[PDB]
Structures are given as structure tokens and as C-alpha cells.
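*Asks:* Questions regarding the structure given below will be posed in turn.
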Amino acid sequence: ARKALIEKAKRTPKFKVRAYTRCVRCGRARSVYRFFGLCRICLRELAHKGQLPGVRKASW
Amino acid sequence: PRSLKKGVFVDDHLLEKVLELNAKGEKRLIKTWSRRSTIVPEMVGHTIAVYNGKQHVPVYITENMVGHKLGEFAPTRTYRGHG
Amino acid sequence: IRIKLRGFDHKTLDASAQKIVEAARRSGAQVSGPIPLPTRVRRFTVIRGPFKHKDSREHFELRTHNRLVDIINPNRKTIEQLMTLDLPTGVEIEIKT
Amino acid sequence: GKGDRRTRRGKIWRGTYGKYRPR
Amino acid sequence: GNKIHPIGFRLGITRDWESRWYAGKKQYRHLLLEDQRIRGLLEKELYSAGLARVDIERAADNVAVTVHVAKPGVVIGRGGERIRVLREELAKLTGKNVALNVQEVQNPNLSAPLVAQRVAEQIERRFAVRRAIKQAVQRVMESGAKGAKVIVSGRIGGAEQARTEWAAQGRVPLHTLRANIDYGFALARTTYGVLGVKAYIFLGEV
RNA sequence: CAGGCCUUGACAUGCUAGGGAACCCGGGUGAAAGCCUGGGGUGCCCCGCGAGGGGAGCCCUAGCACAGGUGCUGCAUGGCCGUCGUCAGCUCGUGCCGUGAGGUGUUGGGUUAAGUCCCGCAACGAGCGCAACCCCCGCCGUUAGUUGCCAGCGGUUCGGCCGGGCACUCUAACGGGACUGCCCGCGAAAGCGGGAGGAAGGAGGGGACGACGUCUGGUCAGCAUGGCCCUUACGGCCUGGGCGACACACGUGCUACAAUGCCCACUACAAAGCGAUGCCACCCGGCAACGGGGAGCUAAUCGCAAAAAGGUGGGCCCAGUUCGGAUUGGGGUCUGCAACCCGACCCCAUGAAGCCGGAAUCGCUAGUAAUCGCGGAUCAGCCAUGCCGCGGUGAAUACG
Ligand SMILES: [Mg+2]
Ligand SMILES: [Mg+2]
Ligand SMILES: [Mg+2]
Ligand SMILES: [Mg+2]
Ligand SMILES: [Mg+2]
Ligand SMILES: [Mg+2]
Ligand SMILES: [Mg+2]
Ligand SMILES: [Mg+2]
Ligand SMILES: [Mg+2]
Ligand SMILES: [Mg+2]
Ligand SMILES: [Mg+2]
Ligand SMILES: [Mg+2]
Ligand SMILES: [Mg+2]
Ligand SMILES: [Mg+2]
Ligand SMILES: [Mg+2]
Ligand SMILES: [Mg+2]
Ligand SMILES: [Mg+2]
Ligand SMILES: [Mg+2]
Ligand SMILES: [Mg+2]
Ligand SMILES: [Mg+2]
Ligand SMILES: [Mg+2]
Ligand SMILES: [Mg+2]
Ligand SMILES: [Mg+2]
Ligand SMILES: [Mg+2]
Ligand SMILES: [Mg+2]
Ligand SMILES: [Mg+2]
Ligand SMILES: [Mg+2]
Ligand SMILES: [Mg+2]
Ligand SMILES: [Mg+2]
Ligand SMILES: [Mg+2]
Ligand SMILES: [Mg+2]
Ligand SMILES: [Zn+2]
Numbered sequence: 002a003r004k005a006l007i008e009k010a011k012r013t014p015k016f017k018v019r020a021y022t023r024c025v026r027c028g029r030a031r032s033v034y035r036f037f038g039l040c041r042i043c044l045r046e047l048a049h050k051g052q053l054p055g056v057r058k059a060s061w
Numbered sequence: 002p003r004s005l006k007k008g009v010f011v012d013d014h015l016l017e018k019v020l021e022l023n024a025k026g027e028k029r030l031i032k033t034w035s036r037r038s039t040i041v042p043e044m045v046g047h048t049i050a051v052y053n054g055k056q057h058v059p060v061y062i063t064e065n066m067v068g069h070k071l072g073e074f075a076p077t078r079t080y081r082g083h084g
Numbered sequence: 004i005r006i007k008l009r010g011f012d013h014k015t016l017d018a019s020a021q022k023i024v025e026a027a028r029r030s031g032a033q034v035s036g037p038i039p040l041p042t043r044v045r046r047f048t049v050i051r052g053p054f055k056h057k058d059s060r061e062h063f064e065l066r067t068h069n070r071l072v073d074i075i076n077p078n079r080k081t082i083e084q085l086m087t088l089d090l091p092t093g094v095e096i097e098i099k100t
Numbered sequence: 002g003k004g005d006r007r008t009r010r011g012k013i014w015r016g017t018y019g020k021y022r023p024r
Numbered sequence: 002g003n004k005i006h007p008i009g010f011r012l013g014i015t016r017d018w019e020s021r022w023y024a025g026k027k028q029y030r031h032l033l034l035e036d037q038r039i040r041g042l043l044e045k046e047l048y049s050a051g052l053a054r055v056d057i058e059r060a061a062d063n064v065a066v067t068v069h070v071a072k073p074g075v076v077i078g079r080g081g082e083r084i085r086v087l088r089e090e091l092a093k094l095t096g097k098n099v100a101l102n103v104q105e106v107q108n109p110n111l112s113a114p115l116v117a118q119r120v121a122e123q124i125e126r127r128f129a130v131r132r133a134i135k136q137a138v139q140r141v142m143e144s145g146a147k148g149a150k151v152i153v154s155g156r157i158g159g160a161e162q163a164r165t166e167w168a169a170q171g172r173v174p175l176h177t178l179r180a181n182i183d184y185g186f187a188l189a190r191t192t193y194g195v196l197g198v199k200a201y202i203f204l205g206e207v
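In C-alpha cells, the structure reads:
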């Protein structure tokens with residue numbers, strides 16, 4: 002139950018509380034960041050490839 | 002609980018059942034899934050079969066169980082004991 | 004008239020601010036220098052591995068640098084000349100008054 | 002202590018307000 | 002888990018971002034999704050052209066897109082017969098104005114993605130793996146690079162037990178930040194599974 | 001999981017045929033999905049004032065190629081991660097020794113956090129690691145002075161509010177500064193001890209960074225992928241339930257067992273963050289949660305925001321207590337279509353165990369431990385006492 006779940010989440014529900022976020026890259030439903038729309042795994046992958054503008058490794 | 006500025010909630014599909022009964026031969030056996038529906042004083046006297054997730058449990062309503070919800074009278078877990 | 008310019012990369016933003024300051028003196032209007040505003044830093048922390056290794060993490064940060072430029076006098080000749088400038092695509096501007 | 006909702010310390014611990022911790 | 006991504010480690014020091022634009026909290030994710038869509042579409046379009054790098058650049062409702070390929074003619078075609086076409090669909094895939102640029106790579110031997118892609122293509126052709134790694138590393142070293150490394154992981158030669166074979170020459174200082182190291186990755190989908198190919202090319206220190 | 005439902009399917013290309021759809025508001029039954037349903041409209045290219053017929057964005061019915069599977073295998077795999085271990089190592093070219101596996105180099109002496117460096121040597125050199133190159137903190141300088149700040153000046157409704165200034169603090173870019181650099185001693189040398197100066201002294205403090213390899217290590221449920229398996233069901237939709245069970249056992253935490261304390265009132269002092277179906281000033285009503293008006297702020301401008309420990313004053317007087325706040329009864333607020341199973345918060349009442357914990361076991365060497373509060377991600381709401389960060393107060397000890 003992966004493709005159907007992704008499409009159903011992409012669909013409008015009868016109630017507004019039944020809408021939940023999913024990762025726009027791999028379809029994950031857990032740990033999805035609002036700022037990027039991506040899950041933590043995809044976020045790390047894309048950040049290591051320089052494809053996230055202004056995003057850099059943090060160290061202080 | 003629910004706020005008194007809002008009314009007490011009934012699903013309006015079971016309320017229609019009891020209301021239509023009250024003027025058309027008011028005693029039968031209704032099966033419902035609305036465990037969240039609140040019992041109403043009009044519902045007193047009816048036997049309602051409430052889903053527990055597996056089966057419909059018949060509940061006969063009385064006066065001292067008016068403000069509760071239907072789901073509180075259909076237990077959902079069977080325990081017995083350990084051993 | 005106040006121009007606020009923001010960007011992810013500070014080098015190109017600084018170059019744009021210096022370009023604005025230098026060009027604004029072609030028809031001098033008592034130019035007010037490009038001042039820096041507090042950088043806004045957004046942090047994200049992720050589990051390093053795809054599964055179960057909570058104690059290992061990686062930190063990422065995204066920073067927004069902000070600079071401000073003011074011209075005391077309008078300088079319409081220098082104002083209409085500011086329409087078509089050399090703006091790096093990473094620099095987002097906003098003019099106001 | 003911090004586990005008592007009817008004190009300033011307990012409301013501070015829960016991060017709420019009321020009669021005992023007014024705003 | 003052992004090694005950090007060579008490019009991610011040096012972002013803002015030696016390497017530069019592949020996408021360069023500014024967006025606020027309201028527009029960042031939609032532009033990012035559009036960028037991923039564009040890159041994914043172009044990846045399966047110019048594969049035979051030798052697609053190394055795709056750069057997305059946005060000013061205001063207009064996006065640049067500059068691609069770097071081994072053979073620009075494979076992207077442009079006869080009088081641009083393909084160059085225009087790949088642009089038009091892109092607009093129909095973005096709803097904006099696009100300025101697709103084509104750039105030639107001076108040395109295909111010095112671009113780690115191209116080396117990795119070539120090695121993966123050879124592996125898919127049921128070629129020998131160890132010979133391929135040796136030959137690719139020697140080819141890179143023959144073009145003035147100060148060092149090179151190629152690593153292949155998987156069921157090398159269809160074997161039932163996965164192995165890792167790597168070759169190296171010169172210098173590959175992965176712990177040096179001033180070192181300009183280009184990293185490339187490729188996948189080989191053989192009938193017996195997927196093999197991973199990694200390429201490191203060292204081009205001196207800035 | 002139970003029940004009710006669908007069949008080329010909730011998603012993708014293609015071959016047909018019958019309609020030609022395309023897009024939009026209503027009818028019965030049902031818990032909903034669904035089933036049976038009642039009223040209008042396709043551009044574009046056509047013969048064209050013609051009945052109309054043709055190719056076309058696109059849709060449905062009946063067939064197919066097929067889609068779909070969080071179904072199995074991490075003992076077929078990629079990618080990523082944990083671990084030995086930020087440990088001081090692991091190797092290579094040529095030469096030389098050995099029948100050979102192999103050795104030497106890389107062993108010995110001194111030194112270092114370090115295969116760090118020096119000396120000696122059948123070795124002479126090199127690579128991956130160490131270190132350095134990058135970030136934050138600590139001192140200073142240049143560029144600047146708004147929404148930042150207010151030393152001097154003049155006003156003032158007493159707030160930098162104003163004029164004004166960039167002195168100072170600060171903000172953020174660029175630089176300098178620390179390198180055994182100097183003096184004394186020790187030693188072939190590397191280096192070790194002492195001192196001056198300096199904000200900083202011997203790696204200045206903290207991050208980022210993890211060698212060849214090991215563990216048949218973890219992940220087919222994040223993704224990808226070989227093989228195997230299902231195909232009006234192991235696919236798909238809905239409602240309800242379960243993941244929240246409970247004779248017990250264990251791990252990680254929170255709150256305490258009190259007077260170096262608890263309660264009440266007044267009164268100080270931060271940092272880093274977040275905010276447009278948002279943050280919400282202020283005023284009104286309720287003891288309150290909160291509700292009703294309603295500014296300012298797309299935010300160095302407005303808000304969250306009260307910091308708490310602290311300081312001052314008073315009360316409690318050694319008690320299961322004005323310690324402790326579990327459990328339960330009742331009245332409410334808010335979010336959500338809906339708080340029964342199974343949310344959070346306010347008020348009233350209830351006021352359990354607990355008097356410092358057996359064998360045993362854990363963390364920590366300095367702005368550390370301990371202790372106090374604050375923010376953020378996810379998020380309608382929240383079961384967060386978790387996690388990632390931030391600052392306030394601030395020890396003891398290391399003989400060996
Ligand atoms: Mg299923
Ligand atoms: Mg939600
Ligand atoms: Mg989600
Ligand atoms: Mg394994
Ligand atoms: Mg693996
Ligand atoms: Mg070892
Ligand atoms: Mg040898
Ligand atoms: Mg011999
Ligand atoms: Mg050794
Ligand atoms: Mg040896
Ligand atoms: Mg070390
Ligand atoms: Mg060395
Ligand atoms: Mg290092
Ligand atoms: Mg100054
Ligand atoms: Mg195993
Ligand atoms: Mg397992
Ligand atoms: Mg899978
Ligand atoms: Mg599989
Ligand atoms: Mg659970
Ligand atoms: Mg329970
Ligand atoms: Mg544990
Ligand atoms: Mg415990
Ligand atoms: Mg607690
Ligand atoms: Mg008491
Ligand atoms: Mg008490
Ligand atoms: Mg509930
Ligand atoms: Mg007792
Ligand atoms: Mg006592
Ligand atoms: Mg133990
Ligand atoms: Mg220590
Ligand atoms: Mg806890
Ligand atoms: Zn993802």
C-alpha cells in the first residue's frame with residue numbers, strides 16, 4: 002500500500018483534518034519538513050549534492 | 002468534554018431513526034456505528050445495536066444513562082484474566 | 004527611498020550593495036552606506052542513517068543575509084538609472100519609501 | 002513542588018496560567 | 002557509516018551550489034519541486050549526450066537552466082531541431098520562460114560523473130570490471146589530474162557474493178578542504194542486480 | 001482486525017469497438033464507500049445560411065497488453081548508517097635478504113596528543129591516515145549607522161520621545177594578532193623546564209572532519225533493485241475497532257521524600273529562536289482556562305515575552321506536615337465533522353505511596369558536574385517528563 006497511499010494523500014479529503022503531509026520525493030509520511038516538503042533522508046541526500054540553495058553543513 | 006456553546010452532538014442518521022420511530026410504530030431494533038453519538042432522552046425505551054468493531058451489542062436505554070455516549074456501553078476489548 | 008536586499012550568499016549580496024552604493028553617487032543624493040542587518044539562521048537536524056541510529060545526527064543551516072541602502076535625495080536621474088542594473092540572480096531586492 | 006497544578010511553580014512547570022499564576 | 006560526501010563537505014569553500022536562487026518561506030518548496038522535476042526530466046533526455054551537470058538559475062518568473070554535456074550537438078541537433086523541442090516541453094513542464102543553455106566539457110576525462118557513467122555503461126555491457134577500473138583510472142591520470150580513484154560495489158561479474166573493487170593513482174586527500182575533488186556516481190542495472198560506481202578526481206588545490 | 005463494497009482498477013503508456021465523451025448542480029438506499037441515477041456544454045481544421053458526416057484537447061462502457069502488492073528473501077544487492085576507533089595505524093614503487101611463505105623500509109635510542117619530529121640504519125622515497133586548509137568563541141582595527149545605540153548639546157507630556165551625533169555598545173563583511181616569536185637553563189637534535197610581554201602561551205577553548213579493513217553488523221517498512229509469490233485478490237474504497245490490553249519482568253526518565261525548605265506579595269538581570277488558514281499589544285466579561293472587541297507587525301520596527309533560580313518582606317515550626325501530588329467524584333474551556341475506547345488545559349473536592357532506597361550500578365576533570373528557567377522541529381489539537389539547542393548561578397577532587 003504505497004502508490005495508493007501517496008495518491009490518496011495528494012487528494013482532497015471530506016474533512017480538513019484528514020489532510021496530512023507526505024514527502025514529495027519518496028512518499029514518506031514521517032519526518033517531513035514544511036520548509037522543503039521533503040523527508041529527512043531526502044533532505045540530507047539533496048543537501049549533500051548542493052541542490053538545496055543556501056543550505057550548508059552547520060558547525061559552531 | 003464538548004463546549005456548551007455548541008450543542009450536544011448526534012450524527013443525524015440515528016436521530017432520524019429514533020424520530021421516525023417515535024411516530025411510526027415506536028419500537029424496533031436499530032443497528033448503528035455512531036458510537037460517538039450522545040444518547041438523547043427521546044432515545045429512552047429503544048434497543049440499539051452498537052458496533053464494538055466486531056459485532057453489534059444490544060443496549061436497552063434507561064433514564065440514568067442519558068448524558069453518556071453509546072460507545073461506553075459496548076466494550077471493545079475482551080480480557081477475562083491472565084492464566 | 005529605502006532599498007532592502009537579501010540573499011543566501013553574502014559575497015554576491017555584498018557586491019550588489021557596493022554596486023548600488025557606487026552607482027548612486029553618479030548623481031549624488033547624499034548616499035547612505037550599505038548597512039548590514041542581523042543574519043537570520045534556520046537550522047535543521049537529521050538522523051544520519053535511514054533507520055534506527057538516533058544517536059548520530061547531522062546539522063544543516065540556511066542563512067539569510069540582509070543589507071540596507073538609503074538615498075537622502077530622490078535624484079530622479081539616478082533613480083531611473085537604477086531600473087536596469089547588474090543584479091545577481093541570488094539577490095532579491097525590494098524598493099520602498 | 003513542580004507536580005502541583007495549584008501553585009505558581011506547578012503552573013510554570015506546565016507552562017500555563019490561571020488563578021494561581023495570573024498574567 | 003564511514004565517509005562524508007566529498008561535495009557536501011566542501012560546499013562554499015571549493016564547490017559551488019548546483020541551484021542558485023533566493024526564495025522565502027512561501028515559495029521555496031514549490032520552486033524546489035520544479036527544480037527537481039526539471040533535473041529529472043533532463044536526466045533521461047540527454048543521457049546519450051553525456052550529461053554531467055545541470056544548473057538551475059532563477060531571477061523573476063524566469064529560469065536559466067544551463068546543462069554541461071560531452072557532445073553539444075547531441076543536445077542541439079540539426080539547426081537546433083532538438084534544442085528548441087526540449088525547451089518547449091520544459092516550458093510546458095514549468096509554466097514559465099526558460100533559457101536552456103548548452104555547454105561543452107573541455108575534458109570528459111576530468112569530469113567524475115562522466116567517468117563513472119562510462120564505467121557503469123561498460124559494466125552493463127558485461128565487460129570485465131577490474132580491467133575497466135584500471136583503464137578508467139589510467140585514462141584520468143593521462144589527462145593531467147593529480148589523482149584519481151574508482152570504486153565499484155556489487156555482484157561483480159554476476160557472482161553470488163557481493164564484493165568491492167577499487168583502483169587509485171596519485172593523490173586523493175579526502176580530508177583536505179582546499180583540495181578540489183570532483184565526485185561522481187552511477188548505477189549499473191544488470192540482469193543480476195544493481196552495481197554502484199564512484200569516481201573521485203583530484204584537480205589540485207585552490 | 002471485523003463487516004459492507006469495487007474490478008484494466010486510487011496512479012502510467014498503448015491497440016480496438018460502441019458511444020463520442022470533455023466540465024457542472026439535483027433523486028432513492030446506506031454508517032460511509034458504493035449501487036441504481038436527472039438536467040445543459042468540446043475547442044480546433046472541414047463541405048459550410050444545409051439534415052449532417054469527417055480528423056482532433058478529453059471521458060465512459062465491453063475486450064485486451066497490463067497496472068498494483070508495507071507480500072518473502074538485508075544469507076542475492078545499491079545507497080546510507082552503526083562499531084572497533086579521532087584509536088595511530090594501514091600500505092606501495094624500486095633496491096636488497098630468503099628455495100619459499102615472507103622480511104627490510106615500518107626495527108633501536110630520545111620525543112610527541114599523533115608512523116609528530118630528531119638521531120642511527122640495506123635502504124631510498126612515496127600514498128592513505130595524523131596535523132593544516134573551513135566554522136564558532138576569546139583581543140583589536142577599517143568600512144558603514146537603520147528599524148541599532150545615546151558620551152557631549154538643546155528641548156521634553158519624563159519613553160531616545162524629538163532635533164542631533166556615530167563617541168560607545170551592537171550589528172556583518174573585510175583584516176591584524178600567537179608563530180617556542182624573545183631571554184635563562186637542560187640536550188647532537190627534535191624538543192623539555194622557567195621568565196617577560198601580551199586579551200590570549202605552548203594544539204588558546206569547542207565543532208566539522210572517521211585510514212586499509214572488521215563485524216555473514218542494520219535497513220527489501222524511506223528510496224532503488226535480482227529472484228520468488230498473489231492477480232473479481234496477498235490489489236483498491238469506506239465505517240468501526242486495535243496499535244492505548246495487563247496476574248507480572250526489565251531499560252530510560254520525571255516528580256519527591258523537606259527548614260541550604262515550602263507558600264504568598266513586590267522587585268531585578270539573558271541568550272538563541274519563531275511568527276500571514278500567522279504572532280497577537282491593549283481594553284472589556286468570567287476566580288480561571290478562555291471568550292468579545294481590536295492596534296501593530298509580511299517583522300534589529302510589532303508580538304510571543306513571563307525569564308526562573310536571585311533580592312526584599314511576611315507566613316508555616318519538625319508534623320506524612322502550608323512536605324509530597326498519585327488516584328477518584330463534580331463543574332467547565334478549547335481544538336477538531338467527531339475527545340466513549342483514546343486529547344490538552346482551568347476551577348472545586350479528594351490528599352495515595354514516599355522519612356533518602358538490598359545485592360549492585362551510572363555520569364562527570366571547569367564555566368565541566370549540579371542546579372534554574374527559555375526557544376525550536378513535527379504539529380488542527382496533543383498525551384513532550386522525549387529530542388535538538390540557548391543562556392543564568394556555579395563547585396569538589398586527581399596523591400598515584
Ligand atoms: Mg492490504
Ligand atoms: Mg495533521
Ligand atoms: Mg507528515
Ligand atoms: Mg549486511
Ligand atoms: Mg547494506
Ligand atoms: Mg587498529
Ligand atoms: Mg618491497
Ligand atoms: Mg631467493
Ligand atoms: Mg605497522
Ligand atoms: Mg613489516
Ligand atoms: Mg589522534
Ligand atoms: Mg607521517
Ligand atoms: Mg585533521
Ligand atoms: Mg565607526
Ligand atoms: Mg545477519
Ligand atoms: Mg533482522
Ligand atoms: Mg522494496
Ligand atoms: Mg525486493
Ligand atoms: Mg506504540
Ligand atoms: Mg490504556
Ligand atoms: Mg533504554
Ligand atoms: Mg528508573
Ligand atoms: Mg513528573
Ligand atoms: Mg500536605
Ligand atoms: Mg504541597
Ligand atoms: Mg479521545
Ligand atoms: Mg505509608
Ligand atoms: Mg519527616
Ligand atoms: Mg545493573
Ligand atoms: Mg578527560
Ligand atoms: Mg519521562
Ligand atoms: Zn523522502
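Protein chains in written order, with the authors' numbering: chain n, 2 to 61; chain s, 2 to 84; chain j, 4 to 100; chain u, 2 to 24; chain c, 2 to 207.
For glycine and all other residues, C-beta sits at the position ideal for the given N, C-alpha and C.
(1) Using the C-alpha atoms, what's the distance from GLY9 of chain c back to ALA48 of chain n?
(2) Starting from the beta carbon of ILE8 of chain c, find every residue of chain n whose beta carbon is closer than 8 angstroms, and list them in chain order.
(3) Examine ligand 32 and report whether any of its heavy atoms sits within less than 7 angstroms of the Cβ of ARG40 of chain c.
(4) Under 8 angstroms between C-beta atoms, does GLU95 of chain j make it to chain c?
(5) Taking DSSP as the reference, what is the three-state secondary structure of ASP12 of chain j?
(6) One question on the structure: do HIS69 of chain s and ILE40 of chain s come within less than 8 angstroms of each other, judged by their Cβ atoms?
(7) Ends of the alpha helix (DSSP H) at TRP14 of chain u?
(8) What would DSSP say about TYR18 of chain u, mapped onto helix, strand or coil?
(9) Reducing DSSP to helix, strand and coil, say where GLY185 of chain c ends up.
(10) May I have the straight-line CA-CA distance separating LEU87 of chain c from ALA53 of chain c, to the nearest angstrom?
(11) Just verifying my parser: in three-state terms, what is the DSSP assignment at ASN98 of chain c?
(12) Under 8 angstroms, do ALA113 of chain c and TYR48 of chain c count as touching if we go by C-beta distance?
(13) Beta-carbon within less than 7 angstroms of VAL11 of chain s's beta-carbon, same chain only, minus the 5 sequence neighbours each way: which residues are those?
(14) Strictly under 8 angstroms for the Cβ-Cβ distance: is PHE11 of chain j near chain c by that measure?
(15) Please go through the same chain and pick out, in chain order, the residues whose beta-carbon is closer than 7 angstroms to the beta-carbon of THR8 of chain u, but skip the five residues on each side of it.
(16) Give the secondary structure of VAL19 of chain s by DSSP, where H, G and I count as helix, E and B as strand, and everything else as coil.
(17) Taking only runs of the alpha helix (DSSP H) that begin and end inside the stretch 5-81 of chain c, which ones reach a length of at least 4 residues, in chain order?
(18) Given that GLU58 of chain c touches chain j, what residues does it touch there, using C-beta distances under 9 angstroms?
(19) Do you know offhand how far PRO54 of chain n's Cα is from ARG60 of chain j's?
*Replies:* In short, the structure shows the following:
(1) 7 angstroms
(2) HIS49, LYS50 and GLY51
(3) no
(4) yes
(5) coil
(6) yes
(7) For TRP14 of chain u, the enclosing alpha helix (DSSP H) starts and ends at 9-15.
(8) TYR18 of chain u: coil per DSSP, three-state reduction.
(9) strand
(10) 17 angstroms
(11) In this structure, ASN98 of chain c counts as strand in the three-state DSSP scheme.
(12) With contacts defined as CB atoms closer than 8 angstroms, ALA113 of chain c and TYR48 of chain c fail to qualify as a contacting pair.
(13) Same-chain partners within the cutoff: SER38, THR39 and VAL41.
(14) Answer yes: the Cβ-Cβ gap between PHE11 of chain j and chain c drops below 8 angstroms somewhere.
(15) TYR21
(16) helix
(17) 7-10, 29-44 and 73-77
(18) By Cβ distance, chain j contributes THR92 and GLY93.
(19) 21 angstroms
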